[PDB]
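> Sequence first, structure after, both from an experimental entry:
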Amino acid sequence: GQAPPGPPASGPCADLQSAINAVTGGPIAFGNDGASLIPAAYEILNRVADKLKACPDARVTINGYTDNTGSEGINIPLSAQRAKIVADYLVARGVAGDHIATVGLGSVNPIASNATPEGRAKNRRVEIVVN
């Protein structure tokens, strides 16, 4: 396997966000059972957790998003849950879940056409930003 990161000397990260967005290449898409992320996302997420381990002084915010198709009062708890799924998975990689924040915004800002299930699938995403 891989060995734990060597001891730092200077600052660990100037801005871990640049490492996270580079690894993710985008937001986290969901699908399959719906309450699960895409199989390819886990692969990317494992790579994200790696960076978190490489930067234990960093806190991450996992904000969940969904489309405005369902009820907003229902969308919010959902978005938060999907966000938690990601947070949980990171913990399983050794990442401190206490330094991981989960936010559910429901349907606040769509990015794709709701007229299509395809675009709707983009409106429902999870994003990881460094706090």
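Noted; the coordinates are in hand. Numbering: from 1, shown residues only.

> Select the longest helix from the chain.
Longest helix of the chain, by residue count under DSSP state H: helix 72-91.

> Could you point out the helix or strand that follows it?
strand 100-104 (DSSP states H and E).

> Remind me what the longest helix of the chain packs against, helices and strands.
With contacts taken as 3 or more CB pairs under 8 Å, 6 or more residues apart in numbering; DSSP states H and E, helix 72-91 sits against strand 36-37, helix 39-54, strand 60-64, strand 100-104, strand 125-130. The C-beta positions use only the backbone N, C-alpha and C, and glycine is treated the same way.

> 7 Å instead?
On a contact count with 3 or more CB pairs under 7 Å, 6 or more residues apart in numbering; DSSP states H and E, helix 72-91 meets helix 39-54, strand 60-64, strand 100-104, strand 125-130.

> Would you indicate which residues of it are buried?
Within helix 72-91, the residues scored as buried using 16 or more other CB atoms under 10 Å are 75-76, 78-80, 82-87, 89-90.

> Can I get it in CSV? Just the C-alpha atoms.
Only the C-alpha atoms of helix 72-91 are listed here, as CSV (Å, rounded to 0.1, in the frame of the first residue of the first chain):
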residue,chain,number,x,y,z
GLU,A,72,-37.9,22.6,-0.6
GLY,A,73,-38.7,21.5,3.0
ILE,A,74,-37.8,18.0,1.8
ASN,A,75,-34.9,19.0,-0.4
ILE,A,76,-33.0,20.6,2.4
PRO,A,77,-32.8,17.5,4.8
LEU,A,78,-32.0,15.4,1.7
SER,A,79,-29.1,17.6,0.5
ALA,A,80,-27.7,17.5,4.0
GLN,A,81,-28.0,13.7,4.1
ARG,A,82,-26.2,13.3,0.7
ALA,A,83,-23.5,15.7,2.1
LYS,A,84,-23.3,13.5,5.2
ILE,A,85,-22.8,10.4,3.0
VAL,A,86,-19.7,12.0,1.6
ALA,A,87,-18.5,13.1,5.0
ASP,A,88,-19.0,9.6,6.4
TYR,A,89,-17.1,8.0,3.6
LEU,A,90,-14.2,10.3,4.2
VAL,A,91,-14.1,9.3,7.8
